[PDB]
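[1] need a 3D model of the following:
(chains A, B and C, ligands or ions: 2)
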Amino acid sequence: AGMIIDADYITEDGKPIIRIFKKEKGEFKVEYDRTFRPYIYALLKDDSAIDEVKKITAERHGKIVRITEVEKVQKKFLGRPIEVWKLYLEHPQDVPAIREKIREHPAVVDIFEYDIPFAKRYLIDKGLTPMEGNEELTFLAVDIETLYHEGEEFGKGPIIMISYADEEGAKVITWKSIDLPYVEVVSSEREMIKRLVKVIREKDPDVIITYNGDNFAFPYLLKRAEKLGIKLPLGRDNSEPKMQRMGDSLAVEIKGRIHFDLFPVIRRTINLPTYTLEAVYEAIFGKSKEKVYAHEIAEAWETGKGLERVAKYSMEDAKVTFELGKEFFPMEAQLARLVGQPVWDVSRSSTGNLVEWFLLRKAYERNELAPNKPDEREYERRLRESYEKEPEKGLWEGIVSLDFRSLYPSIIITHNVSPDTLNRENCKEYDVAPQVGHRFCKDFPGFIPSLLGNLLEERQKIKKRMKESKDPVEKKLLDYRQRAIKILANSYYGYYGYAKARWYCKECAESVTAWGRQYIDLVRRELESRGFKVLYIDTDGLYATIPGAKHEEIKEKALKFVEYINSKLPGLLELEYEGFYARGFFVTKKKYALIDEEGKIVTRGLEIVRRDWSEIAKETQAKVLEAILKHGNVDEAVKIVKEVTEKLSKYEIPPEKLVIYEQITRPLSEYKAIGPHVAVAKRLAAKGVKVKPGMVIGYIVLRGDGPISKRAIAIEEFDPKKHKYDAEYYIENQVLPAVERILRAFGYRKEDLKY
DNA sequence: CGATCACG
DNA sequence: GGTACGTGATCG
Ligand SMILES: [Mn+2]
Ligand SMILES: [Mn+2]
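    Residues are numbered from 1 along each chain as shown, chains lettered A, B, ... in the order given. Ligands and ions are numbered 1, 2, ... in the order given. Structure data below:
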């Protein structure tokens, strides 16, 4: 038995066949299972009811659907024995066809485990864990460059370069003559796409790495392949890449391989105002990368001048995509293994969903019936539910960052905080949460505390094996493993409060907050007696300084302080020194900005680096943050805003800095609310423009009476002689909102930021 | 106001 | 194979 990399199912003669994709001593192996059956559970009012319930019918694919077999089973629900009926079906697609017919029934109290994908059901029930062993996978980074012109329909412009990279080097396929050693020149867009197919089939990578390939590279390749009448047999079974709807965006799978899209991974792992490949590469490897903008690529392609510069950019995009994939995949591979689900799914999940998958597997192992996800009504009510400090103003120097998160798993375990132990009837001994008063039964270990204890013990064993290991290879692997456990264990606190959670528990989250606070108040008091000033406190951590002290002294005392507190705090309760900042300011909870000793600005919940904000607002905000953090000058920042707003009043700002960009996401007739970008889009369609979802609309808001939608103009129609932009809109709805939250940390109101 | 829409 | 989340802007 090798290493499981993915699992799915195919249908044959109307029957499902599970496919397990493996890597076994360097070779691709596919195992087939025809015997695993889909099922749901039904809790009935009485055993007699099963005779009526087993006879429930549905329709799918022209043919009727039936319950294949029924089985009475004894399980645990809410920490209590329960008798339910396992209802077997022939095909997994039968479940969404019959589940509501079963739930409808007057004798059915409730149904359970009815929205678990068949391939994930299989992995859990068969006790199969992906990414186990030392099996070495192969990787290939792939990227593309397209010919783009302002506001074009997705896929109108051809693909002009395809790049790929591995340990053999970074290469470019193009259909215009470029003399570089790494450039392969082919005859057409069609032949370039066929060459990428040939490179993928010959290299046969286990992992295809992209940077946002879910939304750009693969959807674009598929669109161009369609127009060109060619197939993309990239799957190991010769199937084409498959587009999956994840939210409003996309997810692309390549069967028998792992399509590893770094974009969701990096977005979760590191904190940046923009997730451009250049910014990401610099943040991870501390090296600068050149950007070649779309308009420059179009000019070079159309003119045929400066093409060597475009091919170098395409080559580097693949090269750095390969380096980033190799950097980030080991941790995704260990998280996959820990939660027992494929890297494809895990690399695209929130920590809340990682917890749920860990809990679902553990629920099967422990014969525990899993709770259902909430309905729309329950999900909204949880978002409404109310739970039982304000930052220091001004600009602070020499800020130390302390992390509290490794406190909470220990609190959950010691106080047996779990939905199954909350306010239990006929309980002999209980823990009472401070202030909130929630009672947690001590008579049996709760489902979650029990799992968390095993997680923490497993991490301590790995850490002990690391000290006693003389092998640098296993030390590396074990380091990723104990880190993966820390990430999962530290996600439970937040999960209890996650409105979409199965094991959601508001009282659990408040109780943990109430018990946690006693340690937060201890840290705060011990810091304050040491001369430290606490500037910001969240359940996650704090920021402190020693007013008027030398930076080395603040660091030394802080490092001494964590060493001291950890020696006083019992068990696995741990304080962590996160870092040091030269300067910083705090607005409210998770709204702050800091600058490190290397000059990098780190912010949370403030920056507006997005295409639906004008350049003038983004430019002014970056300038305000630089004046404050790099220059230590809030008076400079206030003067910057006053100058910009006056310049907008006097029509001194170039119209290119006033453009707003917003995507059309549906046919124009499907809109309920006609926002400015849609009003502009309708006028374009009226003119004969082929408006399609995906098209990004550039507009400028003009002066006039009424709502902005009636006053917005397409950028290509804006004439500086004829049209006059709305200075009030750019001052009040763009520039001032971008800077008013930042400046409020220094005592300014919106009204103080003009002449 | 509540509903609708889009960013990354 | 169910088809994201948190958050702010703008519409109706
Ligand atoms: Mn899959
Ligand atoms: Mn690119």
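
[2] and the contacts of the one helix or strand residue A:382 maps to?
    Using DSSP states H and E, residue A:382 falls within helix A:376-384. The contact list for helix A:376-384, computed with CB atoms under 8 Å, 6 or more residues apart in numbering, reads A:374, A:499, A:500, A:504, A:506. All C-beta atoms are positioned from the backbone trio N, CA, C, and that covers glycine.

[3] show me which of those residues are buried.
    The neighbour-count criterion (16 or more other CB atoms under 10 Å) marks A:374, A:499, A:504, A:506 among the contacts of helix A:376-384 as buried.

[4] look up phi and psi at the third one.
    Backbone geometry at residue A:504, expressed as degrees, to the nearest 10, gives phi -60, psi 140.

[5] one step back: which of the contacts of helix A:376-384 come close to DNA strand C?
    A:499, A:500 (CB under 7 Å from any atom of the strand).

[6] returning to what we had before: for the buried ones among the contacts of helix A:376-384, give me TSV that also has secondary structure and distance to DNA strand B.
    Output for those, formatted as TSV (DSSP: H, G, I helix; E, B strand; the rest coil; distance: CB to the nearest atom of the strand, whole Å):
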residue	secondary structure	distance to DNA strand B
A:374	coil	18
A:499	coil	15
A:504	coil	21
A:506	helix	22
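
[7] closest to ligand 2 out of those?
    Lowest distance from ligand 2 to the buried ones among the contacts of helix A:376-384 (CB to the ion) belongs to residue A:499, with 36.4 Å.

[8] doesn't residue A:374 make contact with the closest one?
    Yes - the criterion here is CB atoms under 8 Å, and residue A:499 meets it with residue A:374 at 7.1 Å.

[9] and residue A:737, what does it touch?
    Neighbour list for residue A:737: residue A:617 [criterion: CB under 8 Å, 6+ apart].

[10] how about residue A:343, nearest residue that isn't a chain neighbour?
    Spatial nearest neighbour of residue A:343, excluding adjacent residues (CB to CB, 6 or more residues apart in numbering): residue A:336 at 4.5 Å.

[11] give the helix, strand or coil label for residue A:364.
    At residue A:364 the chain is in helix, as set by DSSP: H, G, I helix; E, B strand; the rest coil.

[12] how about the nearest residue to it, chain neighbours excluded?
    Nearest residue to residue A:364, sequence neighbours excluded (CB to CB, 6+ apart): residue A:124, at 4.9 Å.

[13] and that neighbour, what does it touch?
    Listed by CB under 8 Å, 6+ apart, the contact set of residue A:124 reads A:116, A:340, A:360, A:361, A:364.

[14] pull the distance from the particular helix or strand that has it in it to the chain's centre.
    If you go by DSSP H and E, residue A:124 is part of helix A:118-125. Chain-centre distance of helix A:118-125: 23 Å, with CA atoms, centre = their mean, to the nearest Å.

[15] can you check stretch A:137-152 too?
    Using CA atoms, centre = their mean, the offset of stretch A:137-152 from its chain centre is 21 Å.

[16] just the terminal-to-terminal distance for it.
    Stretch A:137-152 has an end-to-end distance of 39 Å (CA to CA, to the nearest Å).

[17] touching DNA strand B at all, that stretch?
    No - judged by CB under 7 Å from any atom of the strand, stretch A:137-152 stays clear of DNA strand B, getting no closer than 11.8 Å.

[18] who's in contact with residue A:649?
    Going by CB under 8 Å, 6+ apart, residue A:649 touches A:727, A:731.

[19] what does residue A:489 give?
    With the criterion set at CB under 8 Å, 6+ apart, residue A:489 makes contact with A:409, A:452, A:455, A:456, A:459.

[20] switch to 7 Å and redo it
    By CB atoms under 7 Å, 6 or more residues apart in numbering, the contact set of residue A:489 is A:409, A:452, A:455, A:456.

[21] turn the buried ones among the contacts of helix A:376-384 into JSON lines, including distance to residue A:67.
    As requested, the buried ones among the contacts of helix A:376-384 are exported to JSON lines (distance: CB to CB, whole Å):
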{"residue": "A:374", "distance to residue A:67": "26"}
{"residue": "A:499", "distance to residue A:67": "33"}
{"residue": "A:504", "distance to residue A:67": "30"}
{"residue": "A:506", "distance to residue A:67": "36"}
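
[22] and the furthest pair within those residues?
    Largest separation among those by CB to CB: A:374 and A:506, giving 11.9 Å.

[23] can you count the residues close to residue A:43?
    Residues lying near residue A:43 (other CB atoms under 10 Å) number 16.

[24] repeat for residue A:65
    So residue A:65, with other CB under 10 Å, has 20 neighbours.

[25] next, it: phi, psi?
    Here residue A:65 shows phi and psi, under degrees, to the nearest 10, equal to phi -110, psi 140.

[26] tell me which other helices or strands the longest strand seen in chain A touches.
    In chain A, taking DSSP state E as the definition, the longest strand is strand A:576-588. In this structure, strand A:576-588 packs against strand A:396-403, helix A:551-568, strand A:591-595, helix A:736-744, with contacts taken as 3 or more CB pairs under 7 Å, 6 or more residues apart in numbering; DSSP states H and E.

[27] contact partners of that strand?
    Around strand A:576-588, the neighbours that count as contacts under CB under 7 Å, 6+ apart are A:391-392, A:394-397, A:399-403, A:406, A:535-536, A:541, A:543, A:555, A:558-559, A:562, A:592-597, A:606, A:628-629, A:632, A:741-742, A:744-745.
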